[PDB]
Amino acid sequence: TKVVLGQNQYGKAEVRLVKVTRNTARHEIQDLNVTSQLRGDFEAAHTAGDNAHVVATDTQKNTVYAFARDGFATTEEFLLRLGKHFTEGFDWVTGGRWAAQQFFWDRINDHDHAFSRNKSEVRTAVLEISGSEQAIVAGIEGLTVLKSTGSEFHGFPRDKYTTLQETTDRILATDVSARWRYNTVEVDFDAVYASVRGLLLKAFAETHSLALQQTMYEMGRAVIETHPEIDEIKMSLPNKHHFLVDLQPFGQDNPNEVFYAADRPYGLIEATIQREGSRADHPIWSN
């Protein structure tokens, strides 16, 4: 009967940007996929078609490239400039969400302006501004890792639908997807990302696993303990199954050597590892 406009946001999504730094003969590359969305009073825009407040998505796009011209130290700095620009520049704009993916490049044999793409991981950054407060969630994804041993899984409940055999030696493979919320913008974003990444890899590799849930916890723990600027870290880890193939039918044995890597289904272990006391329901996770 009575309809009302609820939460809403709009902008330009996936603006691919490449910024070359060449004031010297030693060129640098910054490759981003930027998304800009504004929040505020767009009541008339939706219910009436009154675009008076609608800052064109096309215009948000231009702004991205226009700002890019000036250069940026980090992806987070670039995003902070955009968010500040749209919120302060417009009355009806009370905040928004600004995200970006960062793609890495490696010099080809230390060449000054020749590079090859490093596709082993993708860095993420998300800025959400709400009136007077703002927040930044950095992250990493697409980083596949695997232990060929040093992992077991047993002691789990056995109901009438349970057929999984316990084991003390299996492969543990997953795709590292983690995002951590900063409790301050005053952060050396590049140094932290590098450190967090190292901590994640280290924890995953050195922890004798009794379960993916356990490994993820240790991973989240190493980060929280190391960076005070980080309140919480959320991770989503798929248990990419590697089934030890049965070779007895062929007169052979399989001493944990030959595996079949199945695509689907896969186990999905997810959890938030937070700092005691820190918030437990930040609006930035609402997306």
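Counting begins at 1, following the sequence as shown.
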query	finding
Greater mean Cα temperature factor according to the PDB record, 276 to 284 or 2 to 10	276 to 284
72 to 80 versus 114 to 122 - which carries the larger mean C-alpha B factor in the record	72 to 80
Member of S151, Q102, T144, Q134 with the greatest C-alpha B factor (per the PDB record)	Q134
Most elevated Cα B-factor in the entry, residues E257, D31, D253, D50	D50
Position of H227 among the chain's modelled residues by C-alpha B-factor, lowest, middle or highest third	highest
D246 CA temperature factor, ranked by third within the chain	lowest
CA B-factor ranking of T174, expressed as a third of its chain	lowest
Cα B factor band for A138 (lowest, middle or highest third within the chain)	lowest
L200 by Cα B-factor - lowest, middle or highest third of the modelled chain	lowest
